[PDB]
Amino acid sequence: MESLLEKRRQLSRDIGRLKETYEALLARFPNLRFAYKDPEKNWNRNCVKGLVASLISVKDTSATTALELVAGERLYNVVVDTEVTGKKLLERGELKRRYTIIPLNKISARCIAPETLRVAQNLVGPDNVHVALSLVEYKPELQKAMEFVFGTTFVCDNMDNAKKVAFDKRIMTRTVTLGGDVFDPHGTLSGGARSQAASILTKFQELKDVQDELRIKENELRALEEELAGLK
C-alpha cells in the first residue's frame, strides 16, 4: 500500500519534471508548438493529431537533412482526422499563425510504385536510392498523411544520382540528396549553402521523447489513482 503511495509520488514528480522540460523546449523553439482553441463545446482533442514532425522518427540519421528537405514546410503541417475538423480549425480554432492542415479522410497522393523504385535501384544502385517514407517510423493510423509527405519523393546519396533518377523518363520523380539538394522532375532545382547547425528534426525528436514519456506516466498515474480510489 505504501509502495503504491510512493509510486504515485514518484510518477507525480516525473510528470512535473517532464512538463517543465517540455515547456522549456517550446520556449527555446516556439515553432515546435501547435496550439488551437477548441472550436466546439465537447471537443474531441483526438481529432487533431499534431505537427507532422512531432509524429515521426528518423530511422537513418544520415538522411536527416534529406528528410527535412523532402518535407520542407510540411514538417509543420497539421494532421487531423477530417476536412470538417480542418475547416473548424481554420475558422474557429483561433490559430496564431498560418498552417497547412492534412485531413486523413481526404488526403491523396500518388505513391512511388514498387516498379519505379526498382528502376531507380538498377539505375544508380540500391544503396543509393530510397523512398523517403521507408526512412521514417510513425504510427500506422497516420499512413495516408505520411504517404503524402514522404511517399512521393526519393532520397539519393549525391547530386549526380539524384539528377539521373529525377529526370529519367521511366521515373520522373522528385529527388532529394543527402546534402539537401532537391530535383523536381517538372524542371526545378533547389539548393545552395545550408547551415550545419542541428536539423530542426533533432529538436522535434527531442520533444517527442519527452511527450512520449509524459504520456506514459500520465496514463500510469491515472490508472494507479483509479485503483487507489477503489481501496475505499
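One rule holds for the numbers: they count along the sequence shown, beginning at 1.
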Which is higher in the entry, the mean Cα B factor of 37 to 45 or that of 191 to 199?
-> 37 to 45
Take the C-alpha B-factors listed in the entry for 202 to 210 and for 46 to 54, compute each mean, and give the stretch with the larger one.
-> 46 to 54
Among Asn77, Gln143, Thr85, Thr152, the highest C-alpha B-factor in the PDB entry belongs to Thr85
Can you tell me which of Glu91, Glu137, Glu147, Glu73 has the highest Cα temperature factor in the record?
-> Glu91
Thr100: CA B-factor among chain residues, third -> lowest
By the record's CA B-factor, is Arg170 among the lowest, middle or highest third of residues in the chain?
-> highest
Please rank the C-alpha B-factors of the chain's modelled residues and tell me whether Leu32 sits in the lowest, middle or highest third.
-> middle
Ranked against its chain, the third holding the CA B-factor of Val129 = middle
